[PDB]
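The structure under discussion appears below in the form of structure tokens.
First the proteins, then the strands, lettered A, B, ... as listed; each starts at 1. What you see below is based on every heavy atom in this structure, not just the backbone, and it leaves out hydrogens, waters and symmetry mates.
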Amino acid sequence: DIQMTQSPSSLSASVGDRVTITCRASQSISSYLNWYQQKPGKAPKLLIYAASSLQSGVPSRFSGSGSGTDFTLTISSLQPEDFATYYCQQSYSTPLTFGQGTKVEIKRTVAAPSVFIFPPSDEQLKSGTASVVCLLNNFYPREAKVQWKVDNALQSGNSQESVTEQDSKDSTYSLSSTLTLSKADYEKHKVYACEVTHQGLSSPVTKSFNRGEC
Amino acid sequence: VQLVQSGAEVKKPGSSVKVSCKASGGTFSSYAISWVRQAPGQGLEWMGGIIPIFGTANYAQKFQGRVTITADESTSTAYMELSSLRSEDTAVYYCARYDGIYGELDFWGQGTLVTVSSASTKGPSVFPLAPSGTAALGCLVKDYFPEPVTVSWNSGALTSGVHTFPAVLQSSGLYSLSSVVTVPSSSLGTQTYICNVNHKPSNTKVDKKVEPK
């Protein structure tokens with residue numbers, strides 16, 4: 001087995017920066033080195049083969065070089081869509097072996113969230129459960145505080161958040177916070193609020209609804 | 001120039017899974033097939049490959065004895081069978097096409113997620129996230145197992161402004177996920193919004209319609 005070692009394993013840069021990823025083989029693989037790009041939840045896509053040849057369709061900012069043991073992938077001016085994990089792979093000899101992968105993330109300017117709140121559906125309350133959903137849309141950086149207040153009482157350990165991966169067009173995030181309680185617990189309170197702290201905001205943004213109000 | 005893989009499913013430990021790769025339009029002509037897995041959050045691991053027409057298979061010693069790779073020329077389909085399924089086998093399995101000059105894998109299937117679990121499948125419930133100069137609406141896809149679910153908006157029509165979140169695991173043991181989209185307020189009373197949810201392991205399909213509160 002030929003070991004493949006990439007460096008770095010993770011990396012951050014600004015749009016337009018020169019990015020350089022390194023692949024090293026445990027022994028000579030001539031020029032049988034390929035580079036794949038894998039955006040999240042998607043399948044790997046071939047970028048470079050034979051160490052240095054661009055797959056047709058891949059923009060010219062991508063380029064590859066090296067032979068023997070030492071190989072480099074270069075993005076000459078990083079773009080928002082270049083957000084992905086990048087793998088190297090040797091096909092000089094079986095078994096085929098990959099590098100550990102290098103996650104490339106984009107560094108961009110602060111951007112404020114657009115906050116929304118959704119009361120639970122009617123159909124869901126019939127099943128005896130209430131899911132209250134708060135949405136922070138298109139912001140940077142990832143770090144945010146989302147505070148649930150229920151009749152002006154702060155909540156603890158009854159909500160969960162999920163964050164999207166960096167957007168391929170503007171490099172922002174989006175976040176959902178979901179507060180879940182039984183219909184019974186739900187129907188014992190009136191004010192359902194979502195307080196958001198984020199450094200793209202002058203001060204905290206609160207979105208709320210009153211249970212029952214049309 | 002496509003490869004299409006079988007749907008994702010759940011399998012009890014100690015059992016077997018056979019995953020299929022349909023080479024589109026009979027393009028087994030001059031293409032090897034490789035199998036590569038990615039355990040969640042991990043990197044890419046090569047399982048093995050087959051030269052379809054000769055039917056000669058090559059396996060990684062890590063998997064020898066547990067995995068069998070086969071091809072069927074009259075169907076244009078590659079097959080990967082993994083037996084004695086353990087929890088460590090929960091992964092997305094990919095087929096790719098291997099080209100024999102440079103050794104590249106120049107096209108990859110979408111991937112099949114195999115989840116090893118004693119628990120049986122459970123399809124999601126889809127709830128609307130009702131909207132109230134831009135406005136947001138969405139769909140709550142709740143209480144399903146295992147992964148994944150796919151969401152699209154209006155059979156593929158709406159894609160701009162669409163955010164589908166990664167599934168979160170709830171204390172109940174089941175996954176939950178929301179998909180949301182931002183649209184102008186004006187298009188509310190006029191335009192129709194239907195989210196399309198597909199949960200392949202339970203063969204559940206749901207098209208819930210989102211309307212103002």
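- Exactly one of A:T5, A:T69, A:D70 qualifies for a side chain to side chain donor-acceptor pair (under 3.5 Å) with A:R24. That residue is A:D70.
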Open item on the list: salt bridge (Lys or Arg N to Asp or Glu O under 4.0 Å) for A:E123 and B:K208? Distances and angles first, verdict last.
Closed with: CA-CA 11 Å; A:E123 199 194 321; B:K208 180 85 194 167; 2.8 Å; yes
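- Between B:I194 and B:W153 there is no side-chain heavy-atom pair separated by less than 4.5 Å.
- Taking the centre of each ring, A:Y87 and A:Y36 stay at or above the 6.0 Å mark.
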TODO: Show the numbers, then the answer: is there a salt bridge (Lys or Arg N to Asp or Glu O under 4.0 Å) between B:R66 and B:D89?
DONE: CA-CA 11 Å; B:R66 279 218 305 146; B:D89 293 317; 2.9 Å; yes
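- Environment of OH in A:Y32: sparse, with no more than 12 heavy atoms of neighbouring residues, nucleotides or ligands closer than 6.0 Å.
- Side chains of B:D72 and B:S74: a donor on one and an acceptor on the other come within 3.5 Å.
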Open item on the list: Please determine whether salt bridge (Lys or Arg N to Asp or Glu O under 4.0 Å) holds for the pair B:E9 and B:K200, giving the CA-CA distance in whole Å, both sets of side-chain angles, and the decisive distance to 0.1 Å.
Closed with: CA-CA 7 Å; B:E9 46 200 34; B:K200 295 235 190 97; over 6 Å; no
Task: Chi angles and distances behind the side-chain hydrogen bond (donor to acceptor under 3.5 Å, both in side chains) call for A:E161, A:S176 - done: CA-CA 5 Å; A:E161 26 200 77; A:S176 79; over 6 Å; no
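- The salt bridge (charged side-chain N to carboxylate O under 4.0 Å, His left out) test with A:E81 singles out one residue from A:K39, A:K169, A:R61, and that residue is A:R61.
- Judged by distance alone, the side chains of B:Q64 and B:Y59 never bring a donor and an acceptor atom under 3.5 Å apart.
- No option in B:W108, B:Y98, B:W46 other than B:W46 meets the side chain to side chain donor-acceptor pair (under 3.5 Å) test with B:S34.
- Geometrically, B:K122 does not engage B:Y144 in a cation-pi contact, judged by NZ or CZ lying under 6.0 Å from the ring centre and within 45° of the ring axis.
- A cation-pi arrangement is not found for B:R37 relative to B:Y93, the charged atom failing to lie both closer than 6.0 Å to the ring centre and inside a 45° cone about the ring normal.
- A salt bridge is defined here as a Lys NZ or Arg NE, NH1 or NH2 lying under 4.0 Å from an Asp or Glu carboxylate O, and A:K207 with A:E195 fails to meet this definition.
- For A:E165 and A:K103, the salt-bridge test passes: some basic side-chain N is under 4.0 Å from an acidic carboxylate O.
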